[PDB]
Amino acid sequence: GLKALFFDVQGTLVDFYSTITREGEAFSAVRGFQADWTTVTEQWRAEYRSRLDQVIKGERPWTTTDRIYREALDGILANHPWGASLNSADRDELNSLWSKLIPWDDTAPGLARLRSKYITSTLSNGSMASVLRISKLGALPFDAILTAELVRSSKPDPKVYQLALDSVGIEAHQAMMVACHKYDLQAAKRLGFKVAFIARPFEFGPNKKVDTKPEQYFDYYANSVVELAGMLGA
């Protein structure tokens, strides 16, 4: 990280857990039902992985992640009674959430600092649509917005890390990946990137354990974007 930092978004920068469980509470109660939004979040994400692997395994073909979440919702709604009462336009509204995820309280100030010293960009699996709307809404400054949609792929596919470099015009040794997911940081480190870990102990909500162990290949390890800004001289 001597010229540009690339920031994973979901979990790393934004709280999808709180977003689905709180906004979904406004959705449920207003339709007269109560839903287990903690379970729904899980089945939706897991149903998004498996529906992504198949997208990465090569049999099921590429679609924007906004379309992946929306088809995943039809699968998991079928394992809830109330899912049947939601029409197709109800589920569009429910799916819209992923373009609305909430920042962690350190994301905006640490993004602002770092960009005062660096080129900053997203490198996320979300849609460009969602990631653009997530940053505008949450006031997150970025010099640019890149997602895996632009290469029709998915991290940890090297096509995706190459796009970071190509779109900013730098060598790997000049870039650093910022993610709370260690798989992401290995693929980047395989490819020569510098890497920073932001520990996100509540990524998946209050009752779950996450993996926040340090690791030697980590160039930096931080509990917030602001702390990472401090170790990088911003």
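Residue positions are given as counts along the sequence shown, with the first one as 1.
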| property | result |
| --- | --- |
| Mean C-alpha temperature factor, higher of 100 to 108 and 74 to 82 | 74 to 82 |
| Mean C-alpha B-factor comparison - 186 to 194 and 29 to 37, higher one | 29 to 37 |
| Ranked C-alpha temperature factor of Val55 among modelled chain residues, by third | highest |
| Third of chain Cα B-factors occupied by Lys117 | lowest |
| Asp15 - which third its CA temperature factor falls in, relative to the rest of the chain | lowest |
| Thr21 CA temperature factor, ranked by third within the chain | lowest |
| Position of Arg67 among the chain's modelled residues by C-alpha B-factor, lowest, middle or highest third | middle |
